[PDB]
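A short worksheet on the structure shown next.
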Amino acid sequence: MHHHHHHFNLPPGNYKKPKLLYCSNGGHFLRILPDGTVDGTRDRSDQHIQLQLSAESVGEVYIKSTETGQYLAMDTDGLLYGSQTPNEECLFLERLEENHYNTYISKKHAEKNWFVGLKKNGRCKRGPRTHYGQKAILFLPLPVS
């Protein structure tokens, strides 16, 4: 294993069932819209917030929309998008944080600590704007309906 210059505290659980990824920062579920944009919604019955995680190798995940099949990805300038096909920008290091939450670090940009993050207004943060210590990067995985 490479550790990619990060800790290796992992959250409990498996990838058997889909999840909601809930961010208490603004109270949003991570959403991958069919046009490829990514944001958050407070609408718990939205049909684009159900996500299937899968593990490449241990602690490295794909995050896929169950509705559209799109993969969460982060591009070269730190913007989240939904990708039709899996590529190196779709891999995230899923780690435990504060002994409690899940965080997701872009594997491609792991050396810069670019996280998946949702602002209080439900918009995505750009990679460079995310940091340890922010509520924006803290997620709770929740069972779907």
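Within each chain, counting starts at residue 1; across the structure tokens, chains are named A, B, ... in the order shown, with ligands numbered 1 upward in that order.
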Mind dumping a table of every region 24-113 of chain A residue within 6 Å of region 123-138 of chain A, with the nearest atom pair and its distance in Å to one decimal, using only C-alpha atoms, sorted by chain and rising number, as JSON lines?
{"residue": "A:25", "atom": "CA", "partner": "A:135", "partner_atom": "CA", "distance": 5.1}
{"residue": "A:39", "atom": "CA", "partner": "A:123", "partner_atom": "CA", "distance": 5.0}
{"residue": "A:78", "atom": "CA", "partner": "A:127", "partner_atom": "CA", "distance": 4.2}
{"residue": "A:79", "atom": "CA", "partner": "A:126", "partner_atom": "CA", "distance": 5.2}
{"residue": "A:101", "atom": "CA", "partner": "A:138", "partner_atom": "CA", "distance": 5.7}
{"residue": "A:102", "atom": "CA", "partner": "A:138", "partner_atom": "CA", "distance": 6.0}
{"residue": "A:103", "atom": "CA", "partner": "A:138", "partner_atom": "CA", "distance": 5.6}
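Of all the residues in region 33-132 of chain A, the ones DSSP labels as helix (DSSP H, G or I) from the backbone are residues 88, 89, 90, 110, 111, 112, 127, 128 and 129 of chain A.
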When distances are computed from only C-alpha atoms, which of A:106, A:92, A:142, A:16 shows the smallest separation from residue 57 (chain A)?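 Closest residue, counting only C-alpha atoms: A:92.
In this comparison, which uses only C-alpha atoms, the residue of A:9, A:52, A:37, A:99 approaching residue 80 (chain A) most closely is A:37.
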Would you list, as a VMD selection string, the residues of chain A that end up in strand (DSSP E) under DSSP run on this structure's backbone? chain A and resid 19 to 23 28 to 32 38 to 41 51 to 55 60 to 65 71 to 74 80 to 83 92 to 97 101 to 106 139 to 143
Only N, CA and C atoms, please: the residues just picked out, written as a tab-separated table (two decimals), in the first residue's frame.
chain	number	residue	atom	x	y	z
A	19	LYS	N	-25.86	5.21	-0.13
A	19	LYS	CA	-25.90	6.14	1.00
A	19	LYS	C	-26.30	7.54	0.58
A	20	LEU	N	-26.78	8.31	1.54
A	20	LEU	CA	-26.76	9.75	1.43
A	20	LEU	C	-25.48	10.25	2.10
A	21	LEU	N	-24.86	11.29	1.55
A	21	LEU	CA	-23.74	11.95	2.21
A	21	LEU	C	-24.18	13.32	2.69
A	22	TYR	N	-24.40	13.43	4.00
A	22	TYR	CA	-25.00	14.62	4.59
A	22	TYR	C	-23.97	15.53	5.24
A	23	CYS	N	-23.98	16.81	4.87
A	23	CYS	CA	-23.07	17.80	5.41
A	23	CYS	C	-23.82	18.78	6.32
A	28	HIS	N	-26.90	19.98	4.01
A	28	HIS	CA	-27.17	19.53	2.65
A	28	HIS	C	-26.72	18.11	2.36
A	29	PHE	N	-27.48	17.43	1.51
A	29	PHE	CA	-27.07	16.15	0.95
A	29	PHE	C	-26.31	16.43	-0.34
A	30	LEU	N	-25.17	15.77	-0.53
A	30	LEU	CA	-24.37	15.89	-1.75
A	30	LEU	C	-25.20	15.40	-2.96
A	31	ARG	N	-25.28	16.21	-4.01
A	31	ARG	CA	-26.14	15.88	-5.15
A	31	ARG	C	-25.38	15.93	-6.49
A	32	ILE	N	-25.52	14.88	-7.29
A	32	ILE	CA	-24.92	14.88	-8.63
A	32	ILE	C	-26.05	15.00	-9.67
A	38	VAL	N	-22.54	19.57	-9.67
A	38	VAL	CA	-22.58	18.98	-8.34
A	38	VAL	C	-22.90	20.10	-7.36
A	39	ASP	N	-23.76	19.82	-6.39
A	39	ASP	CA	-24.09	20.81	-5.37
A	39	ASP	C	-24.66	20.08	-4.17
A	40	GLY	N	-25.31	20.80	-3.27
A	40	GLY	CA	-26.02	20.15	-2.19
A	40	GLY	C	-27.47	20.58	-2.16
A	41	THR	N	-28.34	19.73	-1.64
A	41	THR	CA	-29.76	20.07	-1.49
A	41	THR	C	-30.23	19.67	-0.09
A	51	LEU	N	-26.27	7.72	-3.45
A	51	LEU	CA	-24.92	7.46	-3.93
A	51	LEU	C	-24.39	6.08	-3.59
A	52	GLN	N	-23.83	5.40	-4.58
A	52	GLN	CA	-23.20	4.12	-4.35
A	52	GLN	C	-21.69	4.27	-4.27
A	53	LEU	N	-21.13	3.96	-3.12
A	53	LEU	CA	-19.68	4.02	-2.98
A	53	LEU	C	-19.14	2.65	-3.27
A	54	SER	N	-17.94	2.60	-3.84
A	54	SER	CA	-17.28	1.33	-4.06
A	54	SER	C	-15.80	1.51	-3.81
A	55	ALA	N	-15.11	0.46	-3.40
A	55	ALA	CA	-13.71	0.60	-3.08
A	55	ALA	C	-12.85	0.06	-4.19
A	60	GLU	N	-9.78	3.79	-0.77
A	60	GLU	CA	-9.94	4.57	-2.01
A	60	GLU	C	-11.30	4.28	-2.63
A	61	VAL	N	-12.15	5.27	-2.81
A	61	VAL	CA	-13.52	5.01	-3.26
A	61	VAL	C	-13.89	5.75	-4.52
A	62	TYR	N	-14.81	5.15	-5.27
A	62	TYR	CA	-15.63	5.84	-6.25
A	62	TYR	C	-16.93	6.18	-5.59
A	63	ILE	N	-17.50	7.31	-5.99
A	63	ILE	CA	-18.77	7.76	-5.48
A	63	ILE	C	-19.68	7.95	-6.69
A	64	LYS	N	-20.67	7.08	-6.83
A	64	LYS	CA	-21.48	7.05	-8.05
A	64	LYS	C	-22.97	7.33	-7.80
A	65	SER	N	-23.56	8.18	-8.63
A	65	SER	CA	-25.00	8.43	-8.58
A	65	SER	C	-25.75	7.17	-8.98
A	71	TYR	N	-20.04	9.47	-12.07
A	71	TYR	CA	-19.07	9.42	-10.98
A	71	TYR	C	-18.72	10.81	-10.49
A	72	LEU	N	-18.74	11.01	-9.17
A	72	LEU	CA	-18.18	12.23	-8.61
A	72	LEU	C	-16.72	12.35	-9.03
A	73	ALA	N	-16.29	13.54	-9.42
A	73	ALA	CA	-14.91	13.74	-9.82
A	73	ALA	C	-14.49	15.16	-9.50
A	74	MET	N	-13.19	15.39	-9.35
A	74	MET	CA	-12.72	16.76	-9.16
A	74	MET	C	-11.69	17.11	-10.24
A	80	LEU	N	-15.73	20.24	-8.55
A	80	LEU	CA	-16.42	18.95	-8.60
A	80	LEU	C	-17.30	18.88	-9.84
A	81	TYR	N	-17.40	17.69	-10.43
A	81	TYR	CA	-18.29	17.46	-11.57
A	81	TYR	C	-18.72	16.00	-11.60
A	82	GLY	N	-19.75	15.70	-12.38
A	82	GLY	CA	-20.15	14.31	-12.55
A	82	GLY	C	-19.56	13.79	-13.84
A	83	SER	N	-18.82	12.69	-13.77
A	83	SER	CA	-18.19	12.12	-14.95
A	83	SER	C	-18.95	10.89	-15.44
A	92	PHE	N	-11.30	9.00	-4.56
A	92	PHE	CA	-11.19	9.80	-3.35
A	92	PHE	C	-10.68	8.96	-2.19
A	93	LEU	N	-9.88	9.57	-1.32
A	93	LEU	CA	-9.43	8.86	-0.14
A	93	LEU	C	-10.48	9.11	0.93
A	94	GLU	N	-11.22	8.07	1.30
A	94	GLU	CA	-12.26	8.16	2.32
A	94	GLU	C	-11.66	7.91	3.70
A	95	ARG	N	-11.70	8.93	4.54
A	95	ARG	CA	-11.03	8.84	5.83
A	95	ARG	C	-11.96	9.24	6.96
A	96	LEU	N	-11.74	8.66	8.13
A	96	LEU	CA	-12.39	9.10	9.35
A	96	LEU	C	-11.85	10.47	9.75
A	97	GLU	N	-12.69	11.32	10.35
A	97	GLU	CA	-12.23	12.61	10.86
A	97	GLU	C	-12.90	12.90	12.20
A	101	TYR	N	-16.72	11.68	11.68
A	101	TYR	CA	-17.20	11.99	10.33
A	101	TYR	C	-16.41	11.29	9.23
A	102	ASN	N	-16.95	11.34	8.01
A	102	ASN	CA	-16.21	10.95	6.82
A	102	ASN	C	-15.71	12.19	6.08
A	103	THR	N	-14.46	12.16	5.64
A	103	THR	CA	-13.96	13.15	4.70
A	103	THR	C	-13.49	12.44	3.44
A	104	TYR	N	-13.43	13.19	2.35
A	104	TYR	CA	-13.09	12.65	1.04
A	104	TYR	C	-12.05	13.54	0.40
A	105	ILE	N	-10.83	13.03	0.28
A	105	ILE	CA	-9.74	13.78	-0.33
A	105	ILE	C	-9.51	13.31	-1.75
A	106	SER	N	-9.50	14.24	-2.70
A	106	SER	CA	-9.14	13.92	-4.08
A	106	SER	C	-7.82	13.16	-4.13
A	139	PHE	N	-18.72	14.88	6.45
A	139	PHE	CA	-19.93	14.21	5.99
A	139	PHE	C	-20.35	13.08	6.92
A	140	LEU	N	-21.66	12.85	7.00
A	140	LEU	CA	-22.18	11.66	7.67
A	140	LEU	C	-22.85	10.77	6.64
A	141	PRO	N	-22.39	9.52	6.52
A	141	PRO	CA	-23.06	8.68	5.53
A	141	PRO	C	-24.34	8.15	6.15
A	142	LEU	N	-25.45	8.26	5.43
A	142	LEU	CA	-26.76	7.87	5.98
A	142	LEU	C	-27.40	6.84	5.06
A	143	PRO	N	-28.15	5.90	5.64
A	143	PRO	CA	-28.91	4.97	4.78
A	143	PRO	C	-29.90	5.73	3.90
Residues near residue 26 (chain A), cut-off 7 Å, only C-alpha atoms, skip fewer than 4 positions along chain, as a ChimeraX atom specification: /A:119-122
Could you write out that same residue set with N, CA and C atoms as a PDB file, in the first residue's frame?
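Generated file (result.pdb):
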ATOM      1  N   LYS A 119     -20.539  24.251   0.955  1.00  0.00           N
ATOM      2  CA  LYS A 119     -20.707  25.504   1.676  1.00  0.00           C
ATOM      3  C   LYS A 119     -22.049  25.557   2.399  1.00  0.00           C
ATOM      4  N   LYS A 120     -22.197  26.533   3.290  1.00  0.00           N
ATOM      5  CA  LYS A 120     -23.450  26.739   4.011  1.00  0.00           C
ATOM      6  C   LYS A 120     -24.625  27.050   3.088  1.00  0.00           C
ATOM      7  N   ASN A 121     -24.348  27.606   1.912  1.00  0.00           N
ATOM      8  CA  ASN A 121     -25.418  27.893   0.957  1.00  0.00           C
ATOM      9  C   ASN A 121     -25.661  26.747  -0.020  1.00  0.00           C
ATOM     10  N   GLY A 122     -25.018  25.602   0.211  1.00  0.00           N
ATOM     11  CA  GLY A 122     -25.283  24.421  -0.592  1.00  0.00           C
ATOM     12  C   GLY A 122     -24.496  24.314  -1.896  1.00  0.00           C
TER      13      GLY A 122
END
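Here CA of residue 145 (chain A) stands at a distance of 18.9 Å from CA of residue 33 (chain A).
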CA of residue 34 (chain A) to CA of residue 116 (chain A): how many Å, to one decimal?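 Separation of CA of residue 34 (chain A) and CA of residue 116 (chain A): 18.6 Å.
The shortest atom-to-atom distance to residue 11 (chain A), with only C-alpha atoms taken into account, belongs to A:59 out of A:69, A:117, A:86, A:59.
Take CA of residue 4 (chain A) and CA of residue 87 (chain A): the distance between them is 17.8 Å.
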